[PDB]
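Residue numbers (the authors' numbering), protein chains in the order written: chain B, 1 to 391; chain C, 1 to 391; chain A, 1 to 391.
Where a beta carbon is used, it is the ideal one built from N, C-alpha and C, also for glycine.
Below is one structure; the comments refer to it alone.
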């Protein structure tokens, strides 16, 4: 029961006549649903993932400049020009300067000057356009059949949800089945966002914010960088030669600005899905079709032993592993009570009807004790297993 | 001489100690200088000019759009681009079209679309640098030697000026010489300006106005038209479809906007030279080296004949033309008075000492009469020419 | 002289005789000094510099982590040491982690984790301490030498001006001599402050702000980096694992903080020199040992010609250039007046007594006309090279 493994867990109880019970699932949390005569069920959101985005824009975050060129003319010998102004891959600026005879000039006054440089991206952030139909929600489920730890990763059923897969049927061998309906149409707001990627790291960000970055960018299809001056400073002109400098690598500033956004991992092993951190989804469980497998079986009227002692969990419930011997397929009785007279059970089980199907079975049990001192009890007759507990 | 012809005229009268006399010459006007025992001098500003100024800019005012191309992308497939977008002689615009199944995209929404057009200029205005140092100007001058209107064009003295040689000298044959110190063409409007040329006409305009024209322009050295979006227009998008047009030829709007400027002319017959209008020049004339040619000669004594009657100039002088046919080179006496009987002269002889230069000769004479009724007289004796006149 | 060739200039007036004159030399400006008989004087800084200062620190701005490993212990079993945790070359963090049967561990609770990584600096600032004792200065001086601007580069008085070397004398010919005392040990405010170097660019800033940089740093050449956790992120532990990453290149963020600092240039050739910007000096200058030259040579009357007509410096004063062809040694006169009568000079002749030496060259002349209407006048015969001026 993998919710036992999860640090943050919520129990949910169905009304005796209810049919659907609903819960919110979010990645680091887990939920256990319980109903009065049916095996309890763990549910959790494993990942929200998205397949095959397409690039909208590349944004350059460190420019490098080459082949600087300059031209200048004297204060009344007409406007300066440079052939580089014609070329889209040249960043460029025009301005006046003071000029005087010592420059190789002919007059005193406001000369006219141009400089350009070949602009090239070294590294760039990629903004991906987000496919609002290819989102997938991945839910894990399992029943409290009471299987030992090492079996859990094989006994979970993995349900993948999307707008087509609007309801899913979870089948549990010999325990019947559950049906599950999660609200994918309204779980998240991706339509206003991009997946922003930097090398081996990524975020999901608002389209408006990204388009308002003060930073030079290019179409995903390729083209020409088209706000180049945002990364070039022209040092105001010394009258013989202006000079131009790259504004330096922005990486750390940029990813400082992203700190508010939700983290995303590109999974290089799982095809090329982008996996969101910290998404959530709302969902209904339908419980009618589950049944308590072993209800038929006789009580286990014979010796037992703990494979692991009853042990605390942060959830405020004890967990134990019990094994039988000389036993048929049979029902393990369990109670929690004030003293070994055991007149009134006060504990409420999570593993609703503990069973062994074969004498070599190794059975996990989880139970919520009342507050205060109490004795946990397993089995019946003078062979009772018993264990003291406090709160 | 030609101050007779020029409609707007000033008289300058030198006090005896004024070896120099100041004058202001204004481009349409004429000045007559008079001094007590010295021949009077007409003087006149003929031209103000710039030789071969440099082109600052060309401004396009009629554009046409040879090629057009469009690229478009569906609402979740990223930004469009074009190869032309990289190439400097293409105007371009970025927008989103609406898109949907009716136009081949898989999703309803707004799709990126970009269009570009190859721009070219049909006609452009040229702007030129006004070097305040290079302003040439030309002065006309004549003594009142009293020659026929037919002879002024031969007898005219022309004085050229530059920022160099502000002193200039006019000799007059048998009359001596005078010298002009001309201060610069005072040019009070011509700083911070361009000469604007547009086909067969031109204007001088301030730099700020010109640079603030909402029109595409390039350097005089040639290059790339820097603000093409003033003259291309893009219709709002339709699916996968932009219509682009030039704005109409702007010539008329530009001519009308320029109407307040001082107009400029090109001396197209002679030179690559631009001739201004509305100049002012201040000069001073040294008079002392002028002399009167015939003061030694005998008084002309035989009968004379009017080639032209006395007539009003409209300047309030009267002008006359007189023929002699007897007697060697001699002084022709002229006076104007009230009495027909022997009378003291009242008027000022603008032509101060009229003379015959040959036995059969024709002479022009100009006089400022007194106010009121009078008789004007030429010749000494019995057969005086005499003429009725008033104010 | 060359203080003409600079946008900002100032004019200081001394007094007759022995007096020292106060001056200032902020590194961009060039300043003019004059006195009622001594010629005018032009001075500027070349540079303020340090040679081979001492490293205070290196500060890393881009770390990379090359080995990572981890140790983890079940909750009751007590804290994890890890062998490299004492190795100064490794960054480390120690934190508890949640553990339980989903993690191969005996009891549910807070396990312990330690994780460490081998830190390496990839790129870093170098910081150099400076002491006023090591400040070099270099200064330019000129008066009215009459050298070609083509040769100022070799005429120019090149005062190397290290505070641990003797005061220096203006070694001019024919103008007497001058000397300078210039607060050389004490003009600056660079205390408690030091040079920061990036790749091929550099800045000067206070040691306090540098100490307050939240970045890992190293004192000596080699030795342990002091605060590596400022560039290592440890993602919160999960199960038996932690993931650690470099915080990414800070270069751009760091440079963004430096924009208000005064700039520095490490030299291109004497590669251990650092040339400071924004320095300044204040001086007193010994004018009284200077002389005019040719003070009683004849007032010239030769026929005389401009080579450059009166040009506004922008300093509120005029420059011009004049040539002559026979008065080769003679005193070229100039004055300024209300009228060409020139009864009195009314302006300040910033070259007070110009010196001719060749027929080949133009002489280089400056003048300051009074506010309002006036005539500038070169020569004083009828060879009046005269020009109207205004405020």
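Measuring CB to CB, does residue i end up less than 9 Å from residue j?
{"i": "residue 118 of chain B", "j": "residue 82 of chain B", "result": "no"}
{"i": "residue 36 of chain B", "j": "residue 14 of chain B", "result": "yes"}
{"i": "residue 247 of chain B", "j": "residue 43 of chain B", "result": "no"}
{"i": "residue 78 of chain C", "j": "residue 94 of chain B", "result": "no"}
{"i": "residue 311 of chain C", "j": "residue 369 of chain C", "result": "no"}
{"i": "residue 284 of chain B", "j": "residue 182 of chain B", "result": "yes"}
{"i": "residue 138 of chain C", "j": "residue 49 of chain C", "result": "yes"}
{"i": "residue 114 of chain C", "j": "residue 91 of chain C", "result": "no"}
{"i": "residue 282 of chain C", "j": "residue 186 of chain C", "result": "yes"}
{"i": "residue 209 of chain C", "j": "residue 2 of chain C", "result": "no"}
{"i": "residue 387 of chain B", "j": "residue 337 of chain B", "result": "no"}
{"i": "residue 277 of chain A", "j": "residue 27 of chain A", "result": "yes"}
{"i": "residue 329 of chain A", "j": "residue 357 of chain A", "result": "yes"}
{"i": "residue 87 of chain C", "j": "residue 88 of chain B", "result": "yes"}
Using a C-beta cutoff of 9 Å, does residue i count as contacting chain A?
{"i": "residue 129 of chain B", "result": "no"}
{"i": "residue 25 of chain C", "result": "no"}
{"i": "residue 152 of chain B", "result": "yes"}
{"i": "residue 376 of chain B", "result": "no"}
{"i": "residue 319 of chain B", "result": "yes"}
{"i": "residue 222 of chain B", "result": "no"}
{"i": "residue 133 of chain C", "result": "yes"}
Does any residue of chain C have a CB that is nearer than 9 Å to the CB of residue i?
{"i": "residue 81 of chain B", "result": "yes"}
{"i": "residue 72 of chain A", "result": "no"}
{"i": "residue 291 of chain A", "result": "no"}
{"i": "residue 331 of chain B", "result": "no"}
{"i": "residue 388 of chain A", "result": "yes"}
{"i": "residue 382 of chain A", "result": "yes"}
{"i": "residue 215 of chain A", "result": "no"}
Please confirm if residue i has its CB atom under 9 Å from at least one CB of chain B.
{"i": "residue 219 of chain C", "result": "yes"}
{"i": "residue 57 of chain C", "result": "yes"}
{"i": "residue 142 of chain A", "result": "no"}
{"i": "residue 54 of chain C", "result": "yes"}
{"i": "residue 85 of chain C", "result": "yes"}
{"i": "residue 89 of chain C", "result": "yes"}
{"i": "residue 4 of chain A", "result": "yes"}
{"i": "residue 77 of chain C", "result": "yes"}
{"i": "residue 312 of chain A", "result": "yes"}
Looking at the strands, I want to know which residues DSSP matches up with residue i.
{"i": "residue 176 of chain A", "result": "A/290"}
{"i": "residue 92 of chain B", "result": "B/116"}
{"i": "residue 148 of chain A", "result": "BP columns for residue 148 of chain A are empty, so no partner."}
{"i": "residue 320 of chain B", "result": "B/365"}
{"i": "residue 58 of chain C", "result": "C/126 and C/218"}
{"i": "residue 394 of chain C", "result": "The shown model of chain C, from 1 to 391, leaves out residue 394 of chain C, and the question about it has no answer."}
I'd like the span of the alpha helix (DSSP H) that includes residue i, first residue to last.
{"i": "residue 258 of chain A", "result": "251-258"}
{"i": "residue 426 of chain A", "result": "Absent from the model: residue 426 of chain A. The displayed extent of chain A is 1 to 391, so no value can be given."}
For residue i, report the span of its beta strand (DSSP E) as first-last.
{"i": "residue 183 of chain B", "result": "Here residue 183 of chain B belongs to no beta strand (DSSP E), and DSSP marks it neither H nor E."}
{"i": "residue 306 of chain B", "result": "304-311"}
{"i": "residue 38 of chain C", "result": "38-51"}
{"i": "residue 30 of chain C", "result": "30-35"}
{"i": "residue 142 of chain C", "result": "136-143"}
query: Which of the residues in the segment 279-310 of chain A, read from start to end, lie with their CB under 8 Å from any CB of chain C?
result: 305, 306 and 309
- request: Check each residue of the segment 97-114 of chain A: if its Cβ is closer than 9 Å to any Cβ of chain B, include it; give the result in chain order.
  value: 98, 100, 101, 102, 103, 104, 106, 107, 108 and 109
field: Chain-ordered residues of the segment 182-202 of chain C with a beta carbon less than 8 Å from chain A
entry: 183, 184 and 186
query: Using a Cβ cut-off of 8 Å, which residues of the segment 349-370 of chain B contact any Cβ in chain A, in chain order?
result: none
message: Please identify, using Cβ separations under 9 Å, the residues of the segment 157-177 of chain C that lie next to chain A, in order along the chain.
response: 163, 164, 165, 166 and 167
- request: Return the residues of the segment 256-277 of chain B that lie within a Cβ-Cβ distance of less than 8 Å from chain A, sorted by chain order.
  value: 256
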